[PDB]
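Below, in structure tokens: the form deposited in one PDB entry, a single chain.
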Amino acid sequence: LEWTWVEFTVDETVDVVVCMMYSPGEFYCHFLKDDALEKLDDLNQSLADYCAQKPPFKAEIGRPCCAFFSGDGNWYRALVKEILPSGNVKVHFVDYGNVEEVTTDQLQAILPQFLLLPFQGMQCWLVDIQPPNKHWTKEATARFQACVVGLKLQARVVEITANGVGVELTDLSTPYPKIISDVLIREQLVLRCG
């Protein structure tokens, strides 16, 4: 089995929506390119059909699979993260960035044609900022949430790695462009990486 993350070129501007959110150094974005959100929804419908069959699984680290999310009762794409002392396994939901605990009956084998679409839960962080103390305050997390929730921001991909990208987010909902990182620095909630 083979799979991929969404790819970028340096300084690529592209629209995003933040789905998951833990800190300014850790959040997950859906990137609006190549009809990603349209294709992801179609994929999840296909997976509901396939995973509604007579149980077609050898759970091993880094193996792709169909995991069942109890939080809404549907099957989504996943990667095995850890195997616990119990018969339970920790998985990462690759299209959304969250990690959960599930029983072995809540896992399935994934067919190759459901891997053709890149995984869409892109790990992200704001570039050129740091924690003022040494860990992120929750007041910094809270305004970052405030400024991004249910909003379609412009992202500029400033640094690429194998395991996530560093971005600069801009809210263009008014003629005054609100660059998030500058807002967190100007409001003394984080320090610049000068």
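Between two forms, the rigid core is the largest collection of C-alphas that superpose within 1.5 Å. Position 1 is the first residue in the sequence shown; the rest follow in order. Shifts are known only where both forms have a C-alpha.
In terms of unmodelled positions of the deposited sequence, the stretch from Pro56 to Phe57 in this entry skips 1 to 3 residues. The PDB entry records a higher mean C-alpha B factor for 82-90 than for its counterpart among 82-90 and 104-112. Just going by the entry, 72-80 versus 115-123 on mean CA temperature factor gives the higher value to 72-80. Between the residues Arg143, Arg63, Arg156, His30, it is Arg63 that shows the highest Cα B-factor in the PDB record. Sort the modelled residues of the chain by CA B factor and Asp128 lands in the highest third. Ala52 sits in the highest third of its chain by CA B factor, as recorded in the PDB entry. Among the modelled residues of the chain, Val190 sits in the lowest third by CA temperature factor in this PDB entry. In the deposited entry, the Cα temperature factor of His135 places it in the highest third of its chain's modelled residues.
Quick note: we don't show the form deposited with a partner chain bound, though the next part is all about it.
Proximity of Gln145 to its partner chain in the deposited bound form falls within the 4.5 Å heavy atom cutoff. In the deposited bound form, its partner chain lies farther than 4.5 Å from every heavy atom of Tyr50. Although the partner is absent from this view, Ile185 stays clear of its partner chain in the deposited bound form, with no non-hydrogen atom inside 4.5 angstroms. In the deposited bound form, its partner chain lies farther than 4.5 Å from every heavy atom of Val17.
Contact annotation: its partner chain lies within 4.5 Å of heavy atoms from the stretch 134-142 in the deposited bound form, the single such stretch among 165-173, 31-39, 152-160, 134-142. The protein segment that moves between this form and the one not shown, counted as a run of at least three consecutive residues with every Cα displaced by 2 Å or more relative to the fitted core, is 54-56 alone.
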